[PDB]
Amino acid sequence: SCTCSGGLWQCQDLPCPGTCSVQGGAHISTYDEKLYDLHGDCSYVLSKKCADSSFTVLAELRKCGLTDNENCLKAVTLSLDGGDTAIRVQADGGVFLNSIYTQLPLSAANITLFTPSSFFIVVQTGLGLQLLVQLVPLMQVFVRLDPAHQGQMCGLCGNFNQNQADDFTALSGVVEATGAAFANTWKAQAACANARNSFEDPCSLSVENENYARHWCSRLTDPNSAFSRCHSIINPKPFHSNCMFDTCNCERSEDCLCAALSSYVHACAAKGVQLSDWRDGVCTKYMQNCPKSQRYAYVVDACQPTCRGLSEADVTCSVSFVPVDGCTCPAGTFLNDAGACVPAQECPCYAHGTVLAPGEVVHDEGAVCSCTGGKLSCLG
Amino acid sequence: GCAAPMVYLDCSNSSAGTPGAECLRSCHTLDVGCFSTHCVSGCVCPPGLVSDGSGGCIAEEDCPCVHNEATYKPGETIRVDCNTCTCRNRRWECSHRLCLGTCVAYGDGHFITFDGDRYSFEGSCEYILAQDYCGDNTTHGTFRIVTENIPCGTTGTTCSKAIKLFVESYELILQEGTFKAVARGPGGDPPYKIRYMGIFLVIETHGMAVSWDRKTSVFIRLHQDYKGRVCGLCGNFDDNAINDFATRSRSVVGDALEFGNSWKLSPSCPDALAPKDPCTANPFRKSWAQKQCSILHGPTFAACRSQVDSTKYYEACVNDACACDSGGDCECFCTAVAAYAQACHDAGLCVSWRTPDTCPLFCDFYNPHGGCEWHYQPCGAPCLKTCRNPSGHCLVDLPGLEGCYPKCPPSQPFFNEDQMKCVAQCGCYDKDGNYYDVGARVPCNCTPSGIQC
Amino acid sequence: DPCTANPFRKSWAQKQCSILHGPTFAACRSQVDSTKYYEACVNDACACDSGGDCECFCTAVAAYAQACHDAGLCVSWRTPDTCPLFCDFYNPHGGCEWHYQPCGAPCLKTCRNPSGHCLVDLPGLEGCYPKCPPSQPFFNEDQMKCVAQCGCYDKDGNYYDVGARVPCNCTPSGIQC
Amino acid sequence: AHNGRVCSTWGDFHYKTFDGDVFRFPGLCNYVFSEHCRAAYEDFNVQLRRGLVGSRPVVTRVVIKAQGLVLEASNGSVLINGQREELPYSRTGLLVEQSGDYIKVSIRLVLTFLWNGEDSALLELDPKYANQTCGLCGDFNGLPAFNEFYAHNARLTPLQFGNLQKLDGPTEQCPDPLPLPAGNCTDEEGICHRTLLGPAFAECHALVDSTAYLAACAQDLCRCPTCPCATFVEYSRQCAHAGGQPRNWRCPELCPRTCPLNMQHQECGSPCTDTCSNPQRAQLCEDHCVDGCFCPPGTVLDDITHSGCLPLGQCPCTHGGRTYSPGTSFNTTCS
Ligand SMILES: *[C@@H]1O[C@H](CO)[C@@H](O)[C@H](O)[C@H]1NC(C)=O
Ligand SMILES: *[C@@H]1O[C@H](CO)[C@@H](O)[C@H](O)[C@H]1NC(C)=O
Ligand SMILES: *[C@@H]1O[C@H](CO)[C@@H](O)[C@H](O)[C@H]1NC(C)=O
Ligand SMILES: *[C@@H]1O[C@H](CO)[C@@H](O)[C@H](O)[C@H]1NC(C)=O
Ligand SMILES: *[C@@H]1O[C@H](CO)[C@@H](O)[C@H](O)[C@H]1NC(C)=O
Ligand SMILES: [Ca+2]
Ligand SMILES: [Ca+2]
Ligand SMILES: [Ca+2]
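Residue numbers (UniProt numbering), protein chains in the order written: chain A, 406 to 785; chain B, 793 to 1235, 1243 to 1252; chain C, 1069 to 1235, 1243 to 1252; chain D, 71 to 405.
Following this line, the structure appears as structure tokens:
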């Protein structure tokens, strides 16, 4: 916050949770905002409070094509309590709690897992870090840190100390030179192959890939585009480079293209701008592919409205996360335990875990109760 | 079923989940700690050792240290920036000498500020490249550096620069190929020193050394004293690159255009509009540009590409070679590559690209009639025994940098810049810095002492 | 016409080609007519709108340079600011045979021509030559250096070191067997 | 001559690489036919898309990218940097023509691309791209049998090799063609052995081995019996390119050719047809045999008015856009 005084701007800082991210399966934006490319095939320690083993976010990046520089993120393995717990979010959406399938939501040991929409999974922990993982159109990861851990972390996302020249500090006490040379010090398994520096732009290969990627990714830097509202805040040049590189290199050009556009939108919305309606004539197959009875939404900024939640509250909705977009039930509707989207009148109040049907007067413990609009009331 | 001390380990007997050959204690994974849900059978060193990664067994206190894709055996030393590290117990112990901060202002407007941030700004007016004249007290600050883009033959795309090195009450204008002096304030001795460092004018102030390639690139190297107390287009030197876009009123912006527009000297000057991407503007140059800029990926710069990240340098080269559509293309490409050349030179490497086909440098020119002192050295001596500095010592010892230097023989051991020649006895410089031959009166004569009377 | 096509180069072109009217080429302008050379210089500097400008201007001026060389003069323009020619390149670690001469020797005691004679004795012309000392008096083109003894050239003109077999060996005589 | 700097695509998806390998890969989409892919900066990128005319395997589009120039040949038309052009189109270093029976794109010091427009397509490359290329045309290192089909030390098969060098469109997912079942037919009547081993290619046996060509001939014989001569024509091209002088194997039944009235179809005629615009062009030519239409020796081609081949003494002259018949004179004020 900056006040206009003394002929200048008097600027103080509100505390800011740091934000790491891995987008396109290759690009990494650290806590110091040192964007760098990583074409590797191993499990890399994405972030770790390298004083202790309190938490350890791991990311498994896997080569996805003929070219050595064709990568996709494939998993996010939050190790915890020194490896005692491991929450592994795969790329299909499957969530493994201690290598066991666990549907969503789940709330235990202060850890809360839930899907704000069909595109994202939120792994909120009390240790300080929050993971927000994207599955649609492909796999991307975002990490938020309570600024208390400033200047303490290690790993790929850098030590979070407001210095871009120290981000490549390795465990040997020197700043590494380039991205891949730095990453190959943080591999999980000694048997992995070292990442290699990539100069050859895949954009130069196919002229049709060229024109496609150009004509679409140029929507970023267009001053009349929906994205212009964030131009005066976030410089879109790295995002445009990401979109170019992805779409040219991606076998599913639309998937990586829309992943890049979603990444730009989500970063800007993290900075506090609500970019909306940017999918004009583009990425609409992600409008349509929604699960039945759900619908798209551009500003999903809370939990998912559920019949159980409106009946008996929910731990889920007590987590603050950047407003992501995706598929959710529309307002005025709720999804029952069956998952289908019905209005409040069609979903039941739940007492002691008992399905108590809507608009139904019942007797319990010398009391008379009613289930009006999914809301439970008791008298006497 | 192995040969060297490392023996086979099989997961059939062990309960599922043990750290197998994949989680082998190794010179790298000894420290991070290995993760694997699937055991794999393979040959693993006996307890108390690790592997070299090639099938050997080595003690944990001799594991080679890896730096920048290289591998170094213990007992090897490396040089990072201005200091030297040595590999011991899988770590680097480095000397603790302070290293000068570096700002780089070159090309069509690329800047690499002190804190390592990089951006591009195409400004046309005078812009404060640095100053101490920003603070709750402006008057305890000393220096100030402004630059602006000169076109050398037209009014079009930039061809050179114009620097204004103020130092307290002095002043030095750098334009058109050499320096000047418009000292207006108190007339003491110079708080600066001037030297011909290869293809650079280098001006020191005992803590602040400015190097100008004489066409369009300025590299400024500051002592660690000025940390956090400077401003302008080289950031505020705070080791915090996110907020280096701090304008005149210190309202950190996410845009380069506003940050550049803030530091214009004269508010009457019009703000620069949106910079335009060169290669898009003139596609018919792009191919040539890439073919010219591809020098950065070729085996000429194979070694340095592992020591210095060359992505943004390549983007700058291609942008500049695309932009210069009004004349002087070789200079644009030459300086775009030479910024990376100096990055390599400072990092650890004496790279010498500069082929007769590619960015040639005439250095026989100052060789008179078969004299062969003047030779092209890719990294010049840290200090020059110049005519102006007969001592041979220097204040801000710059490392090697490209250009050609004279190998002044003992018979003629004085390098004179005002004639560019190795000679026996030097002349004289006055207060303003003009030169005369010995035995000449000055507007006192010139003698072995110099200007005396 | 080039300058009409690209007027925004035109000014620069003239500034670059004005080298012909300057004191650098004062003397030759009275020995060789330079109207058409100047027109060619300006047209070439105007035309090269796709890259490689200094080469265009350099060769346009160097044709006049050679005309002056052939007429009667040894003119040396080639300033480090203007059309430089890296000739320190073939200098090995301080060895300083390679010097730039504005007018070269009529014939070169080359590796291929050990005799030192020539068939068409050409006059001086720009370029840098090695002052091959008596200790290493043979100029070898394939490596560009002054050397003590030469190797051998086959019929097609490929070069090998002494003592190396050709697809016979190499000796002081040459390729023999 | 053009010993090992040639590759080709002919007939039923038959690919001949630089170093002599022949195989069959029945793809149906775009593939990187050749590309400068082991250098700091690419020089050429030639790709083909192979499709069907009813049943005949054809090339439906070629895209040659080179040094900032994009050339897309398809639908009997040529696109230069996105614009249709009328053949021939010539520029510094590049010239594209409807020469002979094909469309030829020659980029000087880079490549030579012949494309009959229906099936065949042949690349000549400079020697300087040795070992720095990769594609269906092979590695251009000179070793045929050891380095093409060994990816990550694993030896692989024509289907695998032709599928590795694949490239989909921006919004296209082309499948991979499945292996074709066993063969039949073979060379029963011996036509492939009668012709290929016949006198016409005697010295061609000394240069290019016909085993793969024999097999391809048999395989095409399994296909339509109006399309068996593609292998023969390809063998003639290869024999010509290795340096040898092929002989006229054609007969009024063996895929006969037709040429204009004064003009004859020859195998291995001089590529530089003497034309009384330059009636002694063929004097010190350096180019191997070329198949096509020609003129009988002694009478040169008439390109001034396109009257066929005329004797050296009866063909017109030209002055300033004017064509002068023989016997005509024109007097300037001075001559
Ligand atoms: C949260 O963490 C604390 C400390 O590990 C633990 O004791 C507690 O059971 C966890 N859950 C809740 C709901 O506090
Ligand atoms: C420096 O500025 C402060 C106000 O910020 C003022 O009180 C002080 O007197 C100034 N000192 C000098 C030496 O100007
Ligand atoms: C080729 O283009 C022509 C028009 O120029 C069109 O009529 C025809 O259908 C196209 N395809 C073929 C195979 O001729
Ligand atoms: C050809 O390429 C291979 C591939 O690495 C290389 O090992 C070999 O040395 C090269 N040889 C030549 C003659 O280019
Ligand atoms: C010039 O040529 C014309 C056309 O043949 C002819 O009629 C005329 O007589 C000629 N002039 C002479 C012969 O002086
Ligand atoms: Ca940091
Ligand atoms: Ca800062
Ligand atoms: Ca091969």
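Note that the Cβ used here is the ideal one computed from N, Cα and C, for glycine as well.
Cβ pair residue i, residue j closer than 8 Å
i	j	result
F644/A	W683/A	no
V132/D	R120/D	no
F271/D	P316/D	yes
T203/D	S78/D	no
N1208/B	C1218/B	yes
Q1169/C	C1196/C	yes
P542/A	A664/A	yes
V842/B	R817/B	yes
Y283/D	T301/D	yes
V1129/C	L1088/C	yes
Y1132/C	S1086/C	no
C99/D	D189/D	no
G81/D	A352/D	no
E852/B	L890/B	no
Closest residue to residue i among the options (Cα-Cα distance)
i	options	result
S1248/C	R1180/C, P1070/C and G1195/C	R1180/C
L1193/C	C1245/C, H1137/C, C1126/C and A1094/C	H1137/C
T87/D	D361/D, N211/D and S306/D	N211/D
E304/D	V360/D, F114/D, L250/D and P381/D	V360/D
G556/A	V546/A, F547/A, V541/A and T574/A	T574/A
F460/A	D551/A, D446/A, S484/A and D473/A	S484/A
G1046/B	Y911/B, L890/B, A851/B and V824/B	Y911/B
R713/A	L532/A, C752/A and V580/A	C752/A
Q243/D	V546/A, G412/A, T408/A and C655/A	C655/A
residue 406/D	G383/D, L184/D and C329/D	Nothing about residue 406/D can be read from this structure; chain D reaches only from 71 to 405.
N151/D	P1075/B, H1161/B, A954/B and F935/B	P1075/B
DSSP bridge partner residues for residue i (one or two, in chain order)
i	result
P1198/C	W1166/C
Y159/D	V166/D
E885/B	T878/B
residue 1242/B	Structure remark: chain B lacks residues between 1235 and 1243, so residue 1242/B is without coordinates.
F95/D	Partner(s): none; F95/D has no beta bridge.
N941/B	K953/B
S448/A	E465/A
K453/A	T461/A and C559/A
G339/D	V360/D
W319/D	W319/D pairs with nothing; no bridge assigned.
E194/D	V76/D and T182/D
For the region 1080–1102 of chain B, enumerate the residues whose C-beta is nearer than 7 Å to any C-beta of chain D, in chain order. Those residues of the region 1080–1102 of chain B that come within reach of chain D (Cβ to Cβ, closer than 7 Å) are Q1082, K1083, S1086, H1089 and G1090.
May I ask you to verify whether the region 928–948 of chain B touches the region 1098–1105 of chain B, counting CB pairs closer than 8 Å and requiring at least 3? Put simply, the region 928–948 of chain B does not touch the region 1098–1105 of chain B. Fewer than three CB pairs are less than 8 Å apart.
Would the region 918–937 of chain B count as touching the region 1021–1029 of chain B if we require 3 or more Cβ pairs under 8 Å? Yes: the two stretches touch, three or more of their Cβ pairs being nearer than 8 Å.
Under 8 Å: do the region 580–592 of chain A and the region 444–458 of chain A share three or more Cβ pairs, one atom per stretch? With a cut-off of 8 Å, the region 444–458 of chain A and the region 580–592 of chain A count as touching, because enough Cβ pairs lie within range.
Near-chain B residues of the region 135–149 of chain D (beta-carbon distance less than 7 Å), N- to C-terminal order: Shown in chain order are the members of the region 135–149 of chain D whose Cβ falls below 7 Å from a Cβ of chain B: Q137 and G138.
Residues from the region 652–665 of chain A in contact with chain B, defined by Cβ distance under 8 Å: Correct list: empty, as no residue qualifies.
What residues in the region 1159–1176 of chain C bring their beta carbon closer than 7 Å to a beta carbon of chain B? Cβ proximity to chain B below 7 Å picks out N1159, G1162, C1164, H1167 and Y1168 from the region 1159–1176 of chain C.
Output, in sequence order along the chain, the residues in the region 448–479 of chain A whose CB is closer than 9 Å to any CB in chain D. Within the region 448–479 of chain A, the residues whose Cβ lies closer than 9 Å to some Cβ of chain D are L471, listed in chain order.
Does the region 1063–1073 of chain B come close enough to the region 1112–1119 of chain B to have 3 or more Cβ pairs within less than 8 Å? Touching, yes, given that three or more Cβ pairs across the two stretches are closer than 8 Å.
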